A.B. asks: 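Before I ask anything, here is the structure I am working with.
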Amino acid sequence: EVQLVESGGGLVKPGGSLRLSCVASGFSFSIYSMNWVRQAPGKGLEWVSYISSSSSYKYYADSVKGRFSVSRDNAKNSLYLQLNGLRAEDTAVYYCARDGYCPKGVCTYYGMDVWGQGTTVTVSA
Amino acid sequence: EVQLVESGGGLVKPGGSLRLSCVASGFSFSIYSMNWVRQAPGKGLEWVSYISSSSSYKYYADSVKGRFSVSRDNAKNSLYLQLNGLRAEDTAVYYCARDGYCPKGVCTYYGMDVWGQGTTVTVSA
Amino acid sequence: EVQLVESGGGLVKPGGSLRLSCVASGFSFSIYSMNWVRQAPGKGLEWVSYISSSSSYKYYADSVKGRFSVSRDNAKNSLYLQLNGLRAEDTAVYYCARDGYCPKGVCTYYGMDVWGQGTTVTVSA
Amino acid sequence: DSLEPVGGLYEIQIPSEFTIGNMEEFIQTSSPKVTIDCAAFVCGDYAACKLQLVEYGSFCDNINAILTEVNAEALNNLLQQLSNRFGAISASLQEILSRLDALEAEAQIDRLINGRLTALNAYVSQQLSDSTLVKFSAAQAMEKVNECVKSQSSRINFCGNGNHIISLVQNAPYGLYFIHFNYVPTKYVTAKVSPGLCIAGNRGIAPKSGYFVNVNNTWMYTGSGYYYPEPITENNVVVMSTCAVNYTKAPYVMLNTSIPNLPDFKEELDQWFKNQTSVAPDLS
Amino acid sequence: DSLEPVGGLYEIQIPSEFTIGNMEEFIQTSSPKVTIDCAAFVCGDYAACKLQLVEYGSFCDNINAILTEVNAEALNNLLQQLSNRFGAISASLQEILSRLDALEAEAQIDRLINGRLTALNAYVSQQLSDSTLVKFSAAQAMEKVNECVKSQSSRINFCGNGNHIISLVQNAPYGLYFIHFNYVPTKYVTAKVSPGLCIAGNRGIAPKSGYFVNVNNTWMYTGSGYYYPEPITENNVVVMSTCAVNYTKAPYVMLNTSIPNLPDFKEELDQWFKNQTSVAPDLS
Amino acid sequence: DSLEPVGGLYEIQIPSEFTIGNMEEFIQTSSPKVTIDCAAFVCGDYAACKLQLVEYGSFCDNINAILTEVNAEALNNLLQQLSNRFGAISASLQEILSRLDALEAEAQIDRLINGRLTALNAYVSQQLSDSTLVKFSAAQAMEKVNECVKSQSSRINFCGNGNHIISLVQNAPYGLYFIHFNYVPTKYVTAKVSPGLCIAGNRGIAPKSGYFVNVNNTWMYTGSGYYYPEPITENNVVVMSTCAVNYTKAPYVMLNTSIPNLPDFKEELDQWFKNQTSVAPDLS
Amino acid sequence: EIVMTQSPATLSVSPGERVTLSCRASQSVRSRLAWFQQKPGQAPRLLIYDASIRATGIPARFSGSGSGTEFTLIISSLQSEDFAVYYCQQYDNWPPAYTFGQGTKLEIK
Amino acid sequence: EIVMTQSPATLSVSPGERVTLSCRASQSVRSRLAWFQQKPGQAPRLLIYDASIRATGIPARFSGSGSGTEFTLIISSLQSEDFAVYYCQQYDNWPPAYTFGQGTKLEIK
Amino acid sequence: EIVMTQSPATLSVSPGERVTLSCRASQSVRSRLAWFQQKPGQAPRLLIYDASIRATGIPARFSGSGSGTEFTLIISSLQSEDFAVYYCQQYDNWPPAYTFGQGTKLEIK
């Protein structure tokens with residue numbers, strides 16, 4: 001049905017790079033805003049990045065500002081997250097979530113109703 | 001006093017062309033919006049076209065869209081209607097009326113208070 | 001403390017020119033609108049000119065339009081008034097005052113609370 | 001008894017029969033969070049418009065924070081030089097012509113961008129006008145909680161229709177759901193009413209929480225909420241110092257938005273308009 | 001006589017005589033249909049402005065739907081060629097120079113078009129803010145129909161001034177015309193009122209639909225609507241558990257519109273500003 | 001007895017003890033005078049932006065009035081001429097290239113100017129919506145002066161909480177400061193209430209300014225403002241024609257702003273887009 | 001397309017009789033409804049606009065009321081000159097798309 | 001031009017006496033009214049703005065009231081230092097066009 | 001930054017018992033709060049948004065209330081499948097800057 005699937009998770013040496021993909025299916029991905037949320041091992045959820053449907057407005061948590069870059073391809077119904085300069089703190093399970101309806105550039109918010117199953121990013125030596 | 005006068009009506013073969021004119025007098029024609037309304041023989045009134053005081057916004061009924069063209073010359077205080085591709089259904093008495101006040105591009109509406117005496121378009125073989 | 005000091009006053013022959021200055025101190029002059037108000041000998045106060053913090057909008061009393069010009073230099077925290085074509089009626093004590101907080105181009109008005117001690121312009125043959 | 005009408009004679013309906021009513025009502029008290037994707041609002045997916053809209057600045061962040069309320073050798077040498085000079089001139093004209101076409105395309109994109117930012121600003125002002133109308137509706141729902149749910153209202157036709165009995169409220173998405181119980185009038189008596197009565201022209205009376213009804217050609221008193229005529233006593237009237245009516249008129253107020261008078265376009269443009277005509281040099 | 005003031009002592013006015021009043025008021029409930037001729041608003045009759053404003057899109061349709069709420073021989077050969085080359089260069093420069101004048105004139109027209117669209121958007125926002133205030137006024141008229149015309153109000157100073165008797169409503173252009181009949185206090189007694197009284201320092205009372213007035217140095221009860229002091233009984237007071245006042249401060253709310261962030265103009269422009277100094281080639 | 005509930009059975013709180021309350025609140029009735037600089041707002045102190053914004057017109061005067069609610073010899077001769085023709089060609093190219101650089105810089109300044117006028121219009125729109133909410137708040141303060149200060153209100157939970165005694169009003173900066181004295185409930189009785197009772201299945205009754213409370217398995221009447229159950233008499237009930245509830249539903253109203261129907265950007269642009277590709281002439 | 005329906009299309013009335021002409025709109029036109037009178041061989045005359053506002057010079061006997069989808073024109077004391085064809089017209093939304101009712105004929109009786 | 005009138009221009013008063021200074025405007029200036037005090041040989045001092053808001057440091061005895069075309073400055077307990085000239089000023093609309101009152105002189109008694 | 005404080009982090013409850021989970025905000029987030037449920041080894045599931053609106057398909061036993069800085073999630077009749085970790089999230093202002101609560105674990109008894 002309405003689903004998000006993350007990929008691109010695995011082991012990365014500290015300070016390295018990794019790229020996460022979140023291919024959407026079952027809904028109009030091109031008009032939804034999307035989020036990246038990571039869950040550290042045995043900790044609460046942390047919002048990473050927000051990208052708008054038009055890709056023009058991208059926002060990041062300060063803990064990842066500059067090091068992480070979010071992008072989307074509404075033609076491919078895909079959401080990407082480039083994890084550059086990975087540190088120990090970036091070890092988590094990364095979720096993509098659906099945020100804002102934005103049918104014609106005008107956005108309405110009804111919670112992060114749809115989430116992905118996540119992928120694990122393990123950053124250790 | 002304040003009146004509208006139609007002209008340019010008469011017999012026209014089907015598929016022909018006519019040019020109705022509605023010269024205004026007694027009011028500030030350059031700021032009023034105008035309408036064309038036709039009355040078929042023994043039938044109700046039908047709104048043909050609307051033209052704004054600046055002539056930039058012209059609107060037509062779907063039954064005449066494409067085949068009829070409305071124009072105005074606020075310098076000559078006259079309103080025109082090009083009756084192109086006249087069919088049998090276009091046989092009627094054609095009226096012009098004021099619609100909107102628009103003193104400085106801001107239009108207020110108080111009904112089609114002023115009407116013309118009409119002119120008769122007869123389209124038959 | 002918060003003060004306006006006005007200089008450039010003195011004796012001027014009729015039809016001549018004089019230039020008043022009002023250097024501000026103690027407040028953020030670059031975001032305040034300013035006024036010039038003159039008090040004729042034994043008469044009530046008269047508003048001469050208004051200048052905005054951006055200097056883009058300057059306004060004058062009808063009695064001094066054309067002949068008086070107001071200017072400001074927010075880098076020097078100074079307010080100037082050019083008294084061109086001085087007449088007999090322009091003999092007064094000239095004041096400057098603040099007229100609007102305008103912290104970011106948005107002006108709020110709390111009265112002309114700060115005034116200057118004034119300067120005297122005597123125009124006679 | 002020489003009782004004369006004071007204020008005229010008016011036919012109005014006084015209830016005579018009631019039934020128990022149940023009115024279920026929604027009052028909106030909030031809105032969903034609304035922001036604008038200004039790039040998607042103006043350009044859609046057109047990438048040439050979104051490239052040019054980046055240079056318009058961060059107005060969306062401002063708008064959205066408002067919405068969310070935060071001599072043979074020489075001749076050959078001359079022919080060699082002329083080939084290079086005309087090569088540099090032709091190259092330069094090409095670079096000029098490419099920048100002229102770019103400037104004209106960008107100007108046409110800016111006009112559709114600017115027109116769609118005027119439609120954007122109209123929507124922002126409309127969304128801010130629904131924002132205040134929801135706030136007005138949120139204050140009306142809190143007045144019904146305070147006066148219909150947390151108490152019993154003595155106001156008729158407020159917690160539904162008729163005379164309030166009991167109200168209940170439930171949370172509904174973006175509002176409150178009210179259930180009103182009241183006894184509403186189902187039948188009325190059309191009675192002849194005078195606002196007051198004069199006695200011998202000296203002292204006037206006014207009905208105390210009721211109506212002066214002329215029945216059987218004699219002036220009687222009835223309660224306003226139920227038609228039960230009864231003799232005029234001192235318990236159901238208020239003594240007026242005089243039976244002359246004090247006529248007043250509240251000031252006439254009509255919201256008529258003033259048109260923002262603008263100067264003549266050409267006259268204002270002519271203060272700075274540079275309609276130069278450029279003439280290329282004559283080159284033999 | 002050991003009653004003690006609770007809440008302080010306040011001099012307030014209690015009515016002592018009344019007269020019948022007739023207040024006539026208009027309440028607006030609707031507006032004329034308003035649309036904008038954006039071409040006439042921005043340009044007037046200036047045809048250059050309207051021609052350039054056509055390229056701004058159909059924003060007026062969007063605004064109006066918001067307002068309505070829807071070796072020698074070769075030298076001669078070279079001389080012949082140079083005449084054609086300089087002929088094509090001079091012709092090209094003229095086409096370039098004509099397109100540069102067009103671009104500069106269109107740029108200045110765009111600035112005045114854009115400035116008058118900012119004035120247009122301010123007026124659309126003002127029209128939307130007035131239509132919101134009309135909707136607020138249309139609700140106030142319907143509250144007066146329900147509570148002043150379709151019933152009798154116990155609210156004082158609501159259906160005009162004083163105590164409501166009867167109201168009439170008539171249709172008026174863009175609203176409703178109300179005629180109110182009341183008995184209005186024309187003279188008042190300045191009375192010494194305490195919000196409540198403490199009995200023996202242990203039990204407190206509150207006046208039931210009335211006031212506690214100190215008359216002849218003894219505390220008496222009077223109805224709020226008419227000054228008639230009377231002994232304090234159990235039928236005109238409410239027993240308070242304690243005669244201590246429960247003080248409360250409602251939240252302080254002042255509407256202060258927040259100024260936008262809007263970074264420095266030059267710093268933001270410098271992210272994409274291509275300030276180039278093009279240099280013409282040196283041609284021999 | 002055979003009295004039967006009409007409308008269902010509900011648990012509601014009926015006051016059983018009260019205390020004297022003092023609520024102090026500020027209600028805003030006005031705002032400071034607000035105008036926009038529109039040049040400090042858009043440009044700040046940047047002089048290039050101010051110079052270019054002067055050409056946008058006097059929209060600020062319009063916005064502020066809205067805010068304030070107002071052979072060998074021949075060859076040598078050819079070389080001399082070529083040095084002049086290339087002198088004039090290279091001179092005009094420089095003049096062209098200077099006007100091309102100026103036009104591109106002004107186009108970028110216009111884009112940021114236009115973007116900050118959109119943010120300006122959003123702020124003027126927000127100021128107009130806040131000044132509408134202040135007018136709504138100014139009307140609420142005048143209602144409290146009329147009904148809490150100029151009279152005593154029978155509305156519970158209007159002049160503060162509980163039952164109104166007396167209100168005072170003082171001027172406060174940009175509003176009015178109310179002091180409300182009332183007796184507010186501090187303890188309630190959770191009573192099983194029916195909106196009405198059916199007698200023998202034939203005639204129903206409604207509680208007159210009170211509640212029908214099932215106390216000790218018999219239906220009794222109590223006043224709504226205080227829990228004092230008493231036998232049901234004909235003085236504290238209203239006779240209903242039938243004991244069937246008349247169910248009605250108020251219309252469902254939710255403010256959902258309609259998104260404007262903007263066309264596709266590329267198609268609307270293509271109605272007039274040029275998309276020219278200019279090629280320089282070939283010069284040998 | 002908002003369809004305007006007037007029923008009945010015909011009415012037999014006598015002078016001095018109250019007449020109510022009903023108009024219904026397939027969609028809510030709010031208060032953007034006008035009433036027109038068309039005597040034979042003459043142009044339509046605007047009677048009521050905004051569903052209840054009499055046009056200038058229109059006699060007080062012509063009264064309009066209603067909003068939304070139900071509108072009525074009241075001729076309190078019908079006269080001999082009121083025997084004409086009466087239309088209702090809607091001008092609610094934008095763009096202009098104006099639709100009239102098919103008329104109601106007042107026949108003498 | 002919004003002409004502003006203060007009457008009477010002169011008032012003989014004694015210390016400890018309440019004195020009211022009346023200001024009127026030829027048009028409604030709403031609440032855009034300010035009160036100024038000008039002791040001899042000194043610049044004007046802003047007392048009241050917005051017709052009722054005391055400026056900072058202004059003693060509580062100076063009170064302003066009114067709106068529209070009628071304004072008043074109240075000096076509840078007049079002191080020996082209040083014998084000055086008092087002006088009212090209006091700043092209602094846009095553009096800035098500021099008009100003062102002719103003054104009111106408090107003379108000792 | 002707005003910090004979501006969700007206390008107590010642990011709650012031992014039994015099936016059929018009413019459970020209240022408290023969420024607090026370092027500053028008023030108005031009504032922009034959501035409730036999430038995260039069973040072990042699964043993604044978070046949105047329960048409530050706008051602080052009181054149930055998401056589609058969410059059982060009626062999950063109820064949300066509150067505004068400003070005080071929020072609560074009510075599980076009226078706790079079932080065996082409600083023993084999960086519950087978070088609150090705020091999405092109040094612009095730009096997006098989303099902060100969750102540290103969670104609340106429901107342990108079987």
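Lettering of chains follows the sequences in order, A, B, ..., and the numbering in each one begins at 1. Just so you know, these numbers use all the heavy atoms, side chains as well, and skip hydrogens, waters and symmetry mates.
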A.B. asks: Rounded to the nearest 0.5 Å, what separation is found between the CG atom of E:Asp110 and the CG atom of E:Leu53?
C.D. replies: 9.5 Å
A.B. asks: E:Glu69 and E:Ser131: which non-hydrogen atoms are nearest, and at how many Å?
C.D. replies: OE2-OG, 4.1 Å
A.B. asks: Just do the side-chain hydrogen bond (donor to acceptor under 3.5 Å, both in side chains) check on G:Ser31 and G:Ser67 with the steps written out, would you?
C.D. replies: CA-CA 5 Å; G:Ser31 292; G:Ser67 293; 3.0 Å; yes
A.B. asks: Any chance the side chains of E:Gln28 and E:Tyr174 put a donor and an acceptor closer than 3.5 Å?
C.D. replies: no
A.B. asks: Nearest 0.5 Å, what's the OG-CG distance between F:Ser58 and D:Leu262?
C.D. replies: 7.0 Å
A.B. asks: Please report the shortest heavy-atom distance between B:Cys102 and B:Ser33, naming the atom on each side.
C.D. replies: SG-OG, 3.5 Å
A.B. asks: Heavy atoms only: give me the nearest G:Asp82-G:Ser77 pair and the separation to one decimal.
C.D. replies: OD2-O, 4.4 Å
A.B. asks: Between atom CG of E:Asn64 and atom SG of E:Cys38, what is the distance when rounded to the nearest 0.5 Å?
C.D. replies: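 Spacing of CG (E:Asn64) from SG (E:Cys38) equals 5.5 Å.
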A.B. asks: Side chains of residues 99-109 of chain G: which donor-acceptor partners sit under 3.5 Å, not counting sequence neighbours?
C.D. replies:
unit_1   : atom_1 : unit_2  : atom_2 : d
G:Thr99  : OG1    : G:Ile2  : O      : 2.6
G:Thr104 : OG1    : G:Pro8  : O      : 3.2
G:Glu107 : OE1    : G:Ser12 : OG     : 3.1
G:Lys109 : NZ     : G:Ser12 : O      : 3.3

A.B. asks: Under the 3.5 angstrom rule, does the side chain of B:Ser54 hit a backbone N or O of E:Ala39 as a donor-acceptor pair?
C.D. replies: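 Such a contact is absent between B:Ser54 side chain and E:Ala39 backbone.
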A.B. asks: Indicate yes or no for a side-chain donor-acceptor contact from F:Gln276 to the backbone of D:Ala105 under 3.5 Å, with no hydrogens or angles considered.
C.D. replies: no
A.B. asks: Do G:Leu46 and B:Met112 pass the side-chain contact (heavy atoms from CB on, under 4.5 Å) test, and can you show the C-alpha distance, the side-chain angles, and the key distance before you say yes or no?
C.D. replies: CA-CA 7 Å; G:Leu46 177 71; B:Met112 298 175 187; 5.9 Å; no
A.B. asks: For G:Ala43 and B:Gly116, work out which heavy atoms get closest and say how close.
C.D. replies: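 Closest approach of G:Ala43 to B:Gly116, heavy atoms only: CB-O, 3.3 Å.
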A.B. asks: Tell me if the aromatic rings of G:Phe36 and B:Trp115 count as close, with their centers under 6.0 Å from one another.
C.D. replies: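 For G:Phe36 and B:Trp115, the ring centres are under 6.0 Å apart.
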A.B. asks: So, G:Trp94 versus B:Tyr59, ring centres under 6.0 angstrom or not?
C.D. replies: yes
A.B. asks: What's the verdict on side-chain contact (heavy atoms from CB on, under 4.5 Å) for D:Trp272 and E:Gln108, showing C-alpha distance, side-chain angles and the deciding distance?
C.D. replies: CA-CA 8 Å; D:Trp272 50 76; E:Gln108 293 185 264; 3.5 Å; yes
A.B. asks: Give a yes or no on whether the backbone of G:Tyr91 and the side-chain of G:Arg32 come within a donor-acceptor separation of less than 3.5 Å.
C.D. replies: no
A.B. asks: A side-chain contact here means heavy atoms from C-beta on lying under 4.5 Å apart; do G:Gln37 and G:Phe62 qualify?
C.D. replies: yes
A.B. asks: Do the side chain of B:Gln39 and the main chain of B:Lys43 share a donor and acceptor less than 3.5 angstrom apart?
C.D. replies: yes
A.B. asks: Please identify each residue that fulfils salt bridge (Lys or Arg N to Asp or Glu O under 4.0 Å) with E:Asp37, with sequence neighbours left out.
C.D. replies: none
A.B. asks: Test side-chain hydrogen bond (donor to acceptor under 3.5 Å, both in side chains) on B:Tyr80 and B:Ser78; report intermediate values, then the result.
C.D. replies: CA-CA 7 Å; B:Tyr80 315 109; B:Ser78 54; 2.4 Å; yes
A.B. asks: Please walk me through it: do G:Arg30 and G:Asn93 pass side-chain hydrogen bond (donor to acceptor under 3.5 Å, both in side chains)?
C.D. replies: CA-CA 10 Å; G:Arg30 300 179 253 192; G:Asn93 304 282; 3.0 Å; yes
A.B. asks: Assess, by modelled atom type and distance only, whether the side chains of F:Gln271 and E:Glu55 contain a donor and an acceptor separated by less than 3.5 Å.
C.D. replies: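 Their side chains do not contain a donor-acceptor pair, so the 3.5 Å distance test is not met.
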A.B. asks: For G:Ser28 and G:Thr69, test the side chains for any donor-to-acceptor distance below 3.5 angstrom and give the result as yes or no.
C.D. replies: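 No - no donor-acceptor pair under 3.5 Å links their side chains.
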A.B. asks: Is it true that, when you exclude D:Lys266 itself, more than 12 heavy atoms of the residues, nucleotides or ligands shown sit nearer than 6.0 Å to its NZ?
C.D. replies: yes
A.B. asks: Can you tell if the side chain of B:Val37 reaches within under 4.5 Å of the side chain of B:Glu46, non-hydrogen atoms only?
C.D. replies: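 No, every pair of side-chain atoms sits at 4.5 Å or beyond.
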A.B. asks: Side-chain contact, heavy-atom cut-off 4.5 Å: D:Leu112 with F:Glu268?
C.D. replies: yes
A.B. asks: Looking at B:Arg67 and B:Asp90, is there a salt bridge between them, counting it only when a charged N and a carboxylate O are closer than 4.0 Å?
C.D. replies: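 B:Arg67 and B:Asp90: salt-bridged.
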A.B. asks: Counting heavy atoms not belonging to G:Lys39, are there more than 12 under 6.0 Å from its NZ?
C.D. replies: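 Atom NZ in G:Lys39 is packed in, count exceeds 12.
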A.B. asks: Using a 3.5 Å distance criterion without hydrogens, assess whether the side chain of D:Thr118 forms a donor-acceptor pair with backbone atoms of D:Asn114.
C.D. replies: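 Yes: the side chain of D:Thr118 pairs with the backbone of D:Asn114.
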A.B. asks: So how far is it from E:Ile109 CD1 to D:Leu269 CG, rounded to the nearest 0.5 Å?
C.D. replies: 6.0 Å
A.B. asks: Give a yes/no verdict on a cation-pi contact between B:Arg72 and B:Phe29, requiring under 6.0 Å between NZ or CZ and the six-membered ring centre and an angle within 45° of the axis.
C.D. replies: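 Relative to the ring axis of B:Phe29, which defines the angle, B:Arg72 lies inside both limits.
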A.B. asks: Report yes if the side chains of B:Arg98 and B:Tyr110 come closer than 4.5 Å at any heavy-atom pair, otherwise no.
C.D. replies: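 Sidechains of B:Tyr110 and B:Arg98: no contact.
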A.B. asks: How about E:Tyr177 and E:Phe26: are their ring centroids closer than 6.0 Å?
C.D. replies: no
A.B. asks: What I'd like to find out is whether the side chain of B:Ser49 reaches to under 4.5 Å of the side chain of B:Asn35, using heavy atoms alone.
C.D. replies: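 No, too far: nothing below the 4.5 Å cut-off.
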A.B. asks: Which value, rounded to the nearest 0.5 Å, describes the distance between D:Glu267 atom CD and D:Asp270 atom CG?
C.D. replies: 8.0 Å
A.B. asks: Do E:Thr68 and E:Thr35 come close enough that some side-chain heavy atom pair is under 4.5 Å?
C.D. replies: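 Yes - at least one pair of side-chain heavy atoms lies under 4.5 Å apart.
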A.B. asks: Applying side-chain contact (heavy atoms from CB on, under 4.5 Å), run through B:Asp113 and G:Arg45 and close with a yes or a no.
C.D. replies: CA-CA 7 Å; B:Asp113 43 322; G:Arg45 176 173 77 158; over 6 Å; no
A.B. asks: Decide whether B:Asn74 and B:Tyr32 meet the rule of one side-chain donor and one side-chain acceptor closer than 3.5 Å.
C.D. replies: no
A.B. asks: Side-chain contact test, heavy atoms from C-beta onward, threshold under 4.5 Å: evaluate it for G:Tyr86 versus G:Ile75 and give yes or no.
C.D. replies: yes
A.B. asks: Quick one: does E:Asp101's side chain get under 4.5 Å of D:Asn275's, heavy atoms only?
C.D. replies: no
A.B. asks: Is it the case that B:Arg38 and B:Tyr94 place a side-chain donor and acceptor less than 3.5 Å from each other?
C.D. replies: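 Note: B:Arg38 and B:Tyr94 side chains meet the donor-acceptor criterion.
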A.B. asks: Determine, for D:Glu104 against F:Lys274, whether the closest basic-nitrogen to carboxylate-oxygen distance falls under 4.0 angstrom.
C.D. replies: no
A.B. asks: Under 3.5 Å, is there a donor-acceptor pair linking the side chains of G:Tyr98 and B:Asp99?
C.D. replies: yes
A.B. asks: List the steps, then state whether side-chain contact (heavy atoms from CB on, under 4.5 Å) holds for E:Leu120 with E:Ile63.
C.D. replies: CA-CA 10 Å; E:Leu120 173 70; E:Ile63 292 173; 3.9 Å; yes
A.B. asks: Can I get a per-line list of side-chain donor-acceptor pairs under 3.5 Å for residues 3-28 of chain B, giving both atom names and the distance, sequence neighbours left out?
C.D. replies:
unit_1  : atom_1 : unit_2   : atom_2 : d
B:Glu6  : OE2    : B:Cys96  : N      : 2.9
B:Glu6  : OE2    : B:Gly118 : N      : 3.3
B:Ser17 : OG     : B:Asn84  : OD1    : 2.9

A.B. asks: Does a side-chain N-to-carboxylate-O contact under 4.0 Å join E:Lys33 and G:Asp50?
C.D. replies: no
A.B. asks: Do any N or O atoms from the side chain of E:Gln52 and from the backbone of E:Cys49 form a donor-acceptor pair under 3.5 angstrom?
C.D. replies: no
A.B. asks: Shortest non-hydrogen contact from G:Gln90 to G:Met4?
C.D. replies: CG-SD, 3.6 Å
A.B. asks: Can you name the nearest heavy-atom pair linking B:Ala92 to B:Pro41, along with the distance?
C.D. replies: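 So the two residues come closest at CA-CD, 4.3 Å.
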A.B. asks: Supply the atom-to-atom distance D:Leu255 CG to E:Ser129 OG, rounded to the nearest 0.5 angstrom.
C.D. replies: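 If we round to the nearest 0.5 Å, D:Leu255:CG and E:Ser129:OG are 11.0 Å apart.
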